[PDB]
Every structure is written in structure tokens, then in C-alpha cells.
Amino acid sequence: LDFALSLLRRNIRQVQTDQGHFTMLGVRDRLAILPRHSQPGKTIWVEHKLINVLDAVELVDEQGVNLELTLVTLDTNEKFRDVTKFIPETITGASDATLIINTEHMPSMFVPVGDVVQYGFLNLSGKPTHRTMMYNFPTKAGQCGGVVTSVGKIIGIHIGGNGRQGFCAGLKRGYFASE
């Protein structure tokens, strides 16, 4: 709410890649995070502004397993308000999460997806993924990249769904360490 709005306004952006429309959380400085399937190229459009992508890291875990998250460093002066303090050290579920979506098609939208549960392994379109969580809410396409928040916590990034359920990549603060 009071946190979600602030987050929406200052850290969540409408984005397009060659793969379509996406929601993008900027975490700090010029570092933003994207669902892997957005596949950022050398450039992206952030709110219709064309922006060079300086670095794109596809996140993987210790077992080398796909986390379905892509860390991008963006070519812009303006820095993101640092929100790392709202991200938990350890991947954590929640009782009453809100999915924040912000694309051109779905502008500034909050979706009460309910309870976010620890799910773990997930076979996203054939490719194995780790550290996923789940929520019982018809999730639709075009909501990929949406930000799952709790009371003052950013806990995940929506990466897909099976019709009846939405799936998110769990967020750990350590993903966003400098170098």
C-alpha cells in the first residue's frame, strides 16, 4: 500500500523488449531486474525511452540451476532509489502478498494474489528453475516481471503461471551485491 505506491512510483517501470511488454524493478543505482524470458538485448525501452543495456547477467544458483532472473545494468544517469533494504536475505513467503504490475497494457496495477508459498522446483516451459514460490491466483501472460510485495518487503518477481497459479522467482538480498 503506502509502501507499494512508493515502490511503484519510484522503482517499478514499464518496459518493452523484442519479446514484448514487461514490468521491471530497478533495485539501486543503474541496476534493474527482469524475468529471464524477456531476454533483454543490447537495448531496451523503458517507458518508451530507448536505453543501452551495459551488462546482462542471467542469475544462476550454486548447483548452476536457472533462477529465471536477469540482472541488467542500464545506461542512464538517474539512479534508482535503493530498495535493497526491503529485500530479505533469505527467500521468504508471505500471508497477503500484492503483485505490482506496470506495463503499457497494464499500467500501475495491484493484484491481491493472496498467500505466497514456498514452492521450490518448477519446470517453466521445459527449463528447470529453482527457488520459486507460488500463489493461488489466475496469473496471465503480460504480468511477467511483476513485483510481489508484502508489508515493507519485496519478495519476488513473477516469472510465469499455469492458469490457476502464479509463479515467482524468490528474491535474496545477495543477488544485488556490488560486484
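Note that residue numbering follows the sequence shown and begins at 1.
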property	result
Mean C-alpha temperature factor, higher of 7-15 and 160-168	160-168
Higher-B stretch (mean Cα B-factor, as the entry records it), 78-86 or 91-99	91-99
Per the PDB entry, maximal CA B factor within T149, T132, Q63, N52	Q63
Cα B factor band for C144 (lowest, middle or highest third within the chain)	middle
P128 - which third its CA temperature factor falls in, relative to the rest of the chain	highest
B-factor third for the C-alpha atom of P35 within its chain	lowest
Third of chain Cα B-factors occupied by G26	lowest
Ranked C-alpha temperature factor of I44 among modelled chain residues, by third	lowest
